Amino acid sequence: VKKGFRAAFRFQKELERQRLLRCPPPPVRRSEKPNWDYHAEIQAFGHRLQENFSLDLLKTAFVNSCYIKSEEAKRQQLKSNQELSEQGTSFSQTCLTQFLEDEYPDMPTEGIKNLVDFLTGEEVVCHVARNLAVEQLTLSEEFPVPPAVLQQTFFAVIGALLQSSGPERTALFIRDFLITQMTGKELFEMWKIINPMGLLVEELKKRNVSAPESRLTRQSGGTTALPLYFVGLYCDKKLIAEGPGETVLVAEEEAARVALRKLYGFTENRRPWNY
Amino acid sequence: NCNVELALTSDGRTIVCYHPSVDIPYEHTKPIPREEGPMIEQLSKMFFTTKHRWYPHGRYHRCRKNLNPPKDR
Amino acid sequence: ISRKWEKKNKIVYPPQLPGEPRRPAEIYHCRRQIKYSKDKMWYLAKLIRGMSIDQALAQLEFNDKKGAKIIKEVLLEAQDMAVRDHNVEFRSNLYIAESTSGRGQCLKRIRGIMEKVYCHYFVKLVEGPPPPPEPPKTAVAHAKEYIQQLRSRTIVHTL
Amino acid sequence: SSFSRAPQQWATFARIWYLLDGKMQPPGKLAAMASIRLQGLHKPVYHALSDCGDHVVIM
Amino acid sequence: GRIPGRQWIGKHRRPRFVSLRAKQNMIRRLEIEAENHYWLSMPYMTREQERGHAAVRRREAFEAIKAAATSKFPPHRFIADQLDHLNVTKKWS
Amino acid sequence: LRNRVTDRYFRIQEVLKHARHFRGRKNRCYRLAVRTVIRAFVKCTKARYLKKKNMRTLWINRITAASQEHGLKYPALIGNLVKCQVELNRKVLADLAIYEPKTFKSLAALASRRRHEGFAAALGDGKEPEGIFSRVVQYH
Amino acid sequence: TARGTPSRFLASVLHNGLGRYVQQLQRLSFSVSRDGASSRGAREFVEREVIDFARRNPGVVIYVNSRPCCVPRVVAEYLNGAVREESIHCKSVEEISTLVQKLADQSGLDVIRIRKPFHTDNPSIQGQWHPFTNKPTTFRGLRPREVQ
RNA sequence: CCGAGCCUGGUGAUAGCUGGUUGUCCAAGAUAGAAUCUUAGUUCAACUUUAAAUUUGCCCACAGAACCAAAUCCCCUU
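Put into structure tokens, the structure is as follows:
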């Protein structure tokens, strides 16, 4: 039995850390994790995003409705979230539609509705919410905070900002925190469509141009299991697209996607957003 | 193959390249017309590779495999 | 000397709720100090690592090995206490999930140093039909996996 | 450009078939041209770990 | 087809031959050399004019050498260092 | 044993945590590991010079591919670009060959035009006007 | 080494430089020891230079305590969640100020190996090279040795 | 296991002979010679290391160093 304490204690702390990885702790809220102070951390939220919220409006944006119900249920042995959430949703939908109209004037209203729905969807607002740390400052039913409540809370924060310091700064907020979420993605993984050749056909009927022809522009390996086909979409001796595929049908329909991108102007080359 | 329009400025200070997309004309297009041993050999002849691609690897290599790799771009 | 297998048997779960699939009962058992070596008993243990308990008992009656007799004894013991204690409602509705063997506390004598061996036998039974043998993969699986890799490859070492 | 991510990846890396006529030619010039085209060094994409080869038919 | 003892040492060595590289390398170095001869070909002074034109500078540099060699001595010892070592057991009130 | 060592476990694990992805008693036993974790850290510390060399031959392979696809060879392309005073390096030129081929098409055409302009001045050496892209920018 | 280490690609957090630069740090949790020469340095830093630091960046809340769980330390908590725990056992006030400024300047992403020093997500603007950029098309698109 | 037992002690025999000599980091650092029962070693030297006193140090043309080739001493100056 070797005399001493430093090494025995070093080993004991090492076993404690191996335990903390093997059985990770059950996730419980930062609000009751130590070193917390709500008022200062509200003010830190404000100065981090660098505009002034009215503090009471911001707090009542964070406090939910289900939390109020559960707090009464706890109390039996406050103004809610919802008005702020409705204002924030209304304004975010309207100015997201405005920004995307002014930058993409040719895109149809169904496409721009799909863009706005994508930007205000569950997954993107969940990620922007968590990586903006409203997920810590909100008050909800359980940890982790459910994504519907996160979306509602984030739009309530936007509504509090709207009532606080005006539509221009609120539009800057929506722009700089929701349109950056589409920088990098594509139109047809933001607006999920089916039968893209059909969409091309009806949209050209709106354009009063003849229905396009498909042609097989280039190919390789036509009789193995690794073919390449560029199918081009032509209209009256000239093309609007050409696209790749592992077979003729996939190539044709992907060239239809390319044609739809080029017609709506939402290509890969488009003039990047003016931040 | 090279078909571009090159130029200088007047000063002789910067070069200008002009080079747009040449398209594929309509006429240059065709229209669309509408046992383990045998196993590994027919895979090899179907994919123009050899059989050592298809013979397995043990639990040890499959455990050194990464299963959640980083993703870019 | 460490008896976590028998304590693994006494681990007790919390109660279930009606909207959950039914938990299969798990039965652990152990035979300590067999006068037989750990790797002959490994051959028998690998023989029965997947079999439904009645087929396992068939193979173990008609093997020729001292371990085969000792393992059939252990498996009958575990079936008895599984339908007696751990609430396995059907006697045959068990399958061997783990059958292992490990080495014991061997004893020594002079021949040269001869080591009279002793091994352990561990078994875990589980309610339910035995799992199907996952099919040995076929041409559609290989072609699909190759083409998935070829579609995964990128332009390496640049942007 | 403006293709989807997986069709663009397929078209970038696919396999291409090259016919090379061997009448009167020396086998080493034939071999040089086919060796480049088989390793995939006629692609600006080339890397050794990318399996970027192409097919060659010498008749 | 071998080389007897070691390849490059000894009586029979592996033959080594001069290539276009080795000749061209030797020649560009020899052309640099010819230009070196030309630029050493033309002195400015000679011995009678150079004698004594750097006496001030050489003696200055040697006084610097001599002074920096002679000014070698242990550093000073202060009080504030020793008392800063007492500042280790400092605690807040 | 008046004072003997009690912290040897942690020193051992300082070697073995870098050894854990080895193969064999290299990943378990400490003698074997020490010898083979040293060699791995040395292999790193030389692989940095190696990685610079290897990148630059990959860039030469890619620019060679694209310029041979445009009718040049790599020596002609680099030599005549440096003569026409575009100071692009291999890394950017390789990314321009892969990612931006119309710009590479123009660069190959300019290298060809500079080759034939400079060699027209070479054929008519003596009193001739300076070449069109052979005009150079010299700094006072 | 680099193979005995997880690696990552080069990352933003929330496209942090696009619209506005969002200070990617939330908290510092200091713990200094009252009667301790090991935390003499952290004591001197809390005495001298934490007021101007908190004044210098209002995005982060800085809590300090006395008598930590084991040793004096800082635990920064960043915006993307990752919690960094740096130890200021036996450091001077100068080193503590550089360590704290590094934490407050850094984003919460790891310090594991970064695979590529550049992250364009739209690399090609004239279209990425594929084998049919500049292989010239033919009459009626016939391949070699076509009868027709 | 007797070209002279075995044991205990002197005995931690004597080894110019082989083998072995355990934390991190940085820095200076290479193969005239002499004598020796000495050439499997050592003592001086030469070199090497640290610290100190200083004041000159290394290189080089010219002048210069014997009668019976390549080069080297030497030193005003630089």
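These protein sequence lines map, in sequence, to chains c, a, T, K, o, R and b. The first sequence runs 31 to 107, 119 to 316 under the deposited numbering. The second sequence runs 44 to 77, 104 to 142 under the deposited numbering. The third sequence runs 47 to 157, 165 to 212 under the deposited numbering. The fourth sequence runs 2 to 60 under the deposited numbering. The fifth sequence runs 10 to 102 under the deposited numbering. The sixth sequence runs 10 to 149 under the deposited numbering. The seventh sequence runs 2 to 149 under the deposited numbering. Just so you know, even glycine gets a beta-carbon here, dropped at the ideal spot from N, CA and C.
Thinking C-beta only, is residue j closer than 9 Å to residue i?
i, j, result
"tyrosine 270 (chain c)", "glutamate 254 (chain c)", "no"
"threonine 112 (chain R)", "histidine 121 (chain a)", "no"
"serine 115 (chain R)", "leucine 49 (chain a)", "yes"
"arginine 116 (chain b)", "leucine 11 (chain b)", "yes"
"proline 285 (chain c)", "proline 8 (chain K)", "yes"
"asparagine 44 (chain a)", "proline 137 (chain b)", "yes"
"residue 178 (chain b)", "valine 75 (chain b)", "There is simply no residue 178 (chain b) to check, as chain b begins at 2 and stops at 149 in what is shown."
"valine 61 (chain b)", "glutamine 24 (chain b)", "yes"
"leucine 103 (chain T)", "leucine 121 (chain T)", "yes"
"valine 58 (chain c)", "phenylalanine 218 (chain c)", "no"
"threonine 6 (chain b)", "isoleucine 113 (chain b)", "yes"
"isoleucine 80 (chain T)", "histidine 173 (chain T)", "yes"
"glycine 273 (chain c)", "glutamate 287 (chain c)", "no"
"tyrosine 141 (chain T)", "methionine 97 (chain T)", "yes"
"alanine 124 (chain T)", "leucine 203 (chain T)", "no"
"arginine 99 (chain R)", "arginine 65 (chain R)", "yes"
"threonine 72 (chain a)", "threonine 258 (chain c)", "yes"
"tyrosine 82 (chain T)", "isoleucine 57 (chain T)", "no"
"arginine 78 (chain c)", "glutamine 177 (chain c)", "no"
"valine 94 (chain b)", "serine 67 (chain b)", "no"
"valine 175 (chain c)", "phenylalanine 75 (chain c)", "yes"
"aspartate 277 (chain c)", "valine 299 (chain c)", "no"
"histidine 30 (chain R)", "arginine 133 (chain a)", "yes"
I want to verify the contact list: residues of chain b whose CB lies under 8 Å from the CB of residue i, in sequence order.
i, result
"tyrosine 316 (chain c)", "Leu19 and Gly20"
"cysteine 53 (chain R)", "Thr2 and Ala3"
Alpha helix (DSSP H) containing residue i: first to last residue?
i, result
"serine 100 (chain c)", "96-105"
"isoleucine 58 (chain a)", "Note, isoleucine 58 (chain a): premise wrong, no alpha helix (DSSP H); beta strand (DSSP E) at 58-61."
"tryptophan 48 (chain o)", "29-49"
"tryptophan 51 (chain T)", "50-56"
"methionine 108 (chain a)", "105-116"
Which whole-angstrom value describes the C-beta separation of residue i and residue j, a residue pair presumed to lie in contact below a C-beta threshold of 8 Å?
i, j, result
"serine 84 (chain c)", "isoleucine 215 (chain c)", "Not a contact, Cβ separation roughly 18 Å."
"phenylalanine 159 (chain c)", "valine 166 (chain c)", "In fact, because the Cβ distance is near 10 Å, the residues do not count as touching under 8 Å."
"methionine 238 (chain c)", "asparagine 155 (chain c)", "Between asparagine 155 (chain c) and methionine 238 (chain c) the Cβ distance is about 18 Å, and since that is not below 8 Å, they are no contact."
Run down chain T in chain order and give the residues with a C-beta less than 7 Å from the C-beta of residue i.
i, result
"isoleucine 107 (chain R)", "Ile208 and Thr211"
Output, in chain order, the set of chain K residues within a Cβ distance shorter than 7 Å of residue i.
i, result
"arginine 71 (chain R)", "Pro45 and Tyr47"
"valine 299 (chain c)", "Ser3 and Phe4"
Ends of the beta strand (DSSP E) at residue i?
i, result
"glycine 273 (chain c)", "269-276"
"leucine 29 (chain b)", "26-33"
"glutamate 295 (chain c)", "Looking at the DSSP string, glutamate 295 (chain c) is not in any beta strand (DSSP E); the run it does join, the alpha helix (DSSP H), is 289-305."
"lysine 279 (chain c)", "279-286"
"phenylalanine 175 (chain T)", "172-180"
So with CB distances below 9 Å, who are the chain T contacts of residue i?
i, result
"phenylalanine 14 (chain K)", "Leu203, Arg204, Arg206, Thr207 and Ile208"
Could you name the residues of chain T that residue i contacts, counting a contact when the two beta carbons are closer than 8 Å?
i, result
"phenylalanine 117 (chain a)", "The premise fails here: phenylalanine 117 (chain a) is roughly 11 Å from chain T at the closest Cβ pair, so nothing lies under 8 Å."
What does residue i reach in chain c if we use C-beta pairs closer than 7 Å?
i, result
"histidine 16 (chain b)", "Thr221 and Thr224"
At a CB-CB cut-off below 8 Å, which residues of chain K make contact with residue i?
i, result
"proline 237 (chain c)", "The premise fails here: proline 237 (chain c) is roughly 11 Å from chain K at the closest Cβ pair, so nothing lies under 8 Å."
So residue i contacts chain a; which residues on that side make the cut at Cβ distance below 9 Å?
i, result
"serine 133 (chain c)", "The contacting residues do not exist; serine 133 (chain c) stays about 29 Å from chain a at best."
Which chain a residues sit within Cβ distance under 7 Å of residue i?
i, result
"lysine 278 (chain c)", "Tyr69"
Mind pulling the chain R residues with CB within less than 8 Å of residue i?
i, result
"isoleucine 126 (chain b)", "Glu109"
Query raised in the report: Does the pairing of the region 132-146 of chain R with the region 17-32 of chain b give three or more beta-carbon distances under 8 Å?
Result: no
Report task. Please confirm if the region 304-315 of chain c is in contact with the region 119-133 of chain a, defined as three or more CB-CB distances below 8 Å between the two stretches. Result -> no
Query raised in the report: Just checking, does the region 49-59 of chain K make contact with the region 22-41 of chain K on the three C-beta pairs under 8 Å criterion?
Result: yes
Query raised in the report: Is it a yes or a no for the region 35-45 of chain b touching the region 232-247 of chain c, going by three-plus beta-carbon pairs under 8 Å?
Result: no
Query raised in the report: Between the region 67-76 of chain c and the region 41-51 of chain c, do at least 3 Cβ pairs fall closer than 8 Å?
Result: no
Query raised in the report: Taking three-plus beta-carbon pairs below 8 Å as touching, is the region 119-128 of chain c in contact with the region 187-201 of chain c?
Result: yes
Query - Stretch-stretch touch, CB-based, cutoff 8 Å, three pairs: the region 126-134 of chain b with the region 100-110 of chain R - result: yes
Requested in this report: Give a yes or no on contact between the region 18-30 of chain R and the region 46-63 of chain R, applying the rule of three or more CB pairs nearer than 8 Å.
Outcome: yes
Report task. Evaluate the contact criterion for the region 135-152 of chain T versus the region 177-196 of chain T: three or more CB pairs, one atom per stretch, below 8 Å. Result -> yes
Requested in this report: Flag this pair as touching only if the region 72-87 of chain R and the region 115-131 of chain R have three or more C-beta atom pairs under 8 Å; answer yes or no.
Outcome: yes
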